[PDB]
Amino acid sequence: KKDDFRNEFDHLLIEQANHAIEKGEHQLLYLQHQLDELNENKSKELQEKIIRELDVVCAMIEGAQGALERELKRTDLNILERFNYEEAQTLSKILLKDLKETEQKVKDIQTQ
């Protein structure tokens with residue numbers, strides 16, 4: 001057998017919370033290509049549909065970060081410098097959640 005999918009590389013120089021939403025949201029835009037990698041394996045019916053359905057929940061969850069950008073004006077990088085002990089972990093779970101949503105949905109996608 002063979003395999004050629006799922007890779008993680010490159011990083012940014014900011015708070016682990018900001019790196020987690022930045023990487024998670026940037027990798028969500030990349031994970032939309034992982035739907036195409038998997039479409040060649042599940043290639044039965046929803047091959048061009050489930051790529052768009054998991055893009056539908058991906059782009060909808062991406063929109064939730066747009067609301068967090070307005071929260072960032074209430075919660076500037078002042079308390080977040082110390083809250084990072086739990087906020088950088090909770091946003092680190094957002095990047096990992098974005099992957100175990102759309103990457104794990106990729107491995108959980110069904111054939112029809």
# chains A, B, ... in the order shown; residues from 1 in each chain; ligands from 1

$ residues_around --residues "residue 42 of chain A" --least-positions-apart "3" --cutoff "10 Å" --atoms "only C-alpha atoms" --output "PyMOL selection string"
chain A and resi 35-39+45-47+50+106-107+109-112

$ closest_residue --among "A:4, A:55, A:25, A:81" --to "residue 97 of chain A" --atoms "only C-alpha atoms"
A:25

$ atom_distance --atom1 "atom CA of residue 71 of chain A" --atom2 "atom CA of residue 101 of chain A"
23.7 Å

$ atom_distance --atom1 "atom CA of residue 62 of chain A" --atom2 "atom CA of residue 28 of chain A"
8.2 Å

$ atom_distance --atom1 "atom CA of residue 86 of chain A" --atom2 "atom CA of residue 6 of chain A"
27.7 Å

$ select_by_dssp --residues "segment 19-109 of chain A" --states "alpha helix (DSSP H)" --output "VMD selection string"
chain A and resid 19 to 39 50 to 74 80 to 108

$ residues_around --residues "residue 19 of chain A" --least-positions-apart "2" --cutoff "12 Å" --atoms "only C-alpha atoms" --output "number ranges by chain"
A: 10-17, 21-27, 84, 87-96

$ write_last_selection --atoms "C-alpha atoms" --output "PDB file, in the first residue's frame"
ATOM      1  CA  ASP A  10       5.903  26.629   9.090  1.00  0.00           C
ATOM      2  CA  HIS A  11       5.174  28.904  12.138  1.00  0.00           C
ATOM      3  CA  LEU A  12       4.660  32.624  13.106  1.00  0.00           C
ATOM      4  CA  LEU A  13       6.165  34.966  15.775  1.00  0.00           C
ATOM      5  CA  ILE A  14       3.169  36.019  17.954  1.00  0.00           C
ATOM      6  CA  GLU A  15       1.080  34.879  21.035  1.00  0.00           C
ATOM      7  CA  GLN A  16       0.224  31.097  21.058  1.00  0.00           C
ATOM      8  CA  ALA A  17      -3.510  32.103  20.983  1.00  0.00           C
ATOM      9  CA  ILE A  21      -6.264  30.960  15.312  1.00  0.00           C
ATOM     10  CA  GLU A  22      -3.861  32.242  12.571  1.00  0.00           C
ATOM     11  CA  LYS A  23      -2.468  28.726  11.803  1.00  0.00           C
ATOM     12  CA  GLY A  24      -5.859  26.992  12.366  1.00  0.00           C
ATOM     13  CA  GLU A  25      -7.764  29.384  10.017  1.00  0.00           C
ATOM     14  CA  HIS A  26      -4.868  29.454   7.448  1.00  0.00           C
ATOM     15  CA  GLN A  27      -4.715  25.606   7.574  1.00  0.00           C
ATOM     16  CA  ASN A  84      -2.280  33.180  27.754  1.00  0.00           C
ATOM     17  CA  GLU A  87      -6.396  31.538  26.547  1.00  0.00           C
ATOM     18  CA  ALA A  88      -3.396  30.375  24.454  1.00  0.00           C
ATOM     19  CA  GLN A  89      -4.369  26.812  25.468  1.00  0.00           C
ATOM     20  CA  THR A  90      -8.113  27.341  24.620  1.00  0.00           C
ATOM     21  CA  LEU A  91      -7.207  28.918  21.222  1.00  0.00           C
ATOM     22  CA  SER A  92      -4.580  26.104  20.759  1.00  0.00           C
ATOM     23  CA  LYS A  93      -7.591  23.791  21.142  1.00  0.00           C
ATOM     24  CA  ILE A  94      -9.352  25.948  18.429  1.00  0.00           C
ATOM     25  CA  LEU A  95      -6.504  25.137  15.896  1.00  0.00           C
ATOM     26  CA  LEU A  96      -6.569  21.456  16.913  1.00  0.00           C
TER      27      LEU A  96
END

$ decode --residues "segment 21-36 of chain A" --atoms "N, CA and C atoms" --output "PDB file, in the first residue's frame"
ATOM      1  N   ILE A  21      -5.216  30.540  16.261  1.00  0.00           N
ATOM      2  CA  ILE A  21      -6.264  30.960  15.312  1.00  0.00           C
ATOM      3  C   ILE A  21      -5.676  31.263  13.927  1.00  0.00           C
ATOM      4  N   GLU A  22      -4.522  31.920  13.840  1.00  0.00           N
ATOM      5  CA  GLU A  22      -3.861  32.242  12.571  1.00  0.00           C
ATOM      6  C   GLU A  22      -3.507  30.968  11.794  1.00  0.00           C
ATOM      7  N   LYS A  23      -2.785  30.022  12.407  1.00  0.00           N
ATOM      8  CA  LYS A  23      -2.468  28.726  11.803  1.00  0.00           C
ATOM      9  C   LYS A  23      -3.739  27.939  11.538  1.00  0.00           C
ATOM     10  N   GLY A  24      -4.630  27.776  12.506  1.00  0.00           N
ATOM     11  CA  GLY A  24      -5.859  26.992  12.366  1.00  0.00           C
ATOM     12  C   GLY A  24      -6.742  27.456  11.209  1.00  0.00           C
ATOM     13  N   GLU A  25      -6.976  28.760  11.092  1.00  0.00           N
ATOM     14  CA  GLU A  25      -7.764  29.384  10.017  1.00  0.00           C
ATOM     15  C   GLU A  25      -7.024  29.347   8.660  1.00  0.00           C
ATOM     16  N   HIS A  26      -5.708  29.604   8.643  1.00  0.00           N
ATOM     17  CA  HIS A  26      -4.868  29.454   7.448  1.00  0.00           C
ATOM     18  C   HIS A  26      -4.809  27.995   6.956  1.00  0.00           C
ATOM     19  N   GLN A  27      -4.710  27.028   7.880  1.00  0.00           N
ATOM     20  CA  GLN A  27      -4.715  25.606   7.574  1.00  0.00           C
ATOM     21  C   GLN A  27      -6.119  25.105   7.238  1.00  0.00           C
ATOM     22  N   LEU A  28      -7.214  25.716   7.709  1.00  0.00           N
ATOM     23  CA  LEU A  28      -8.582  25.426   7.253  1.00  0.00           C
ATOM     24  C   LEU A  28      -8.745  25.693   5.752  1.00  0.00           C
ATOM     25  N   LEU A  29      -8.222  26.822   5.265  1.00  0.00           N
ATOM     26  CA  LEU A  29      -8.131  27.137   3.828  1.00  0.00           C
ATOM     27  C   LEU A  29      -7.274  26.112   3.052  1.00  0.00           C
ATOM     28  N   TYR A  30      -6.248  25.530   3.684  1.00  0.00           N
ATOM     29  CA  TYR A  30      -5.442  24.443   3.104  1.00  0.00           C
ATOM     30  C   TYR A  30      -6.170  23.085   3.175  1.00  0.00           C
ATOM     31  N   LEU A  31      -6.890  22.801   4.262  1.00  0.00           N
ATOM     32  CA  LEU A  31      -7.628  21.562   4.511  1.00  0.00           C
ATOM     33  C   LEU A  31      -8.759  21.350   3.499  1.00  0.00           C
ATOM     34  N   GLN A  32      -9.306  22.421   2.927  1.00  0.00           N
ATOM     35  CA  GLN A  32     -10.191  22.366   1.756  1.00  0.00           C
ATOM     36  C   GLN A  32      -9.559  21.651   0.540  1.00  0.00           C
ATOM     37  N   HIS A  33      -8.226  21.587   0.427  1.00  0.00           N
ATOM     38  CA  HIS A  33      -7.531  20.741  -0.557  1.00  0.00           C
ATOM     39  C   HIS A  33      -7.453  19.273  -0.113  1.00  0.00           C
ATOM     40  N   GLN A  34      -7.409  19.007   1.198  1.00  0.00           N
ATOM     41  CA  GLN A  34      -7.442  17.649   1.759  1.00  0.00           C
ATOM     42  C   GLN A  34      -8.774  16.944   1.460  1.00  0.00           C
ATOM     43  N   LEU A  35      -9.871  17.700   1.328  1.00  0.00           N
ATOM     44  CA  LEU A  35     -11.128  17.188   0.772  1.00  0.00           C
ATOM     45  C   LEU A  35     -10.942  16.608  -0.631  1.00  0.00           C
ATOM     46  N   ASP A  36     -10.143  17.241  -1.494  1.00  0.00           N
ATOM     47  CA  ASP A  36      -9.861  16.762  -2.855  1.00  0.00           C
ATOM     48  C   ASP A  36      -8.950  15.517  -2.837  1.00  0.00           C
TER      49      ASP A  36
END
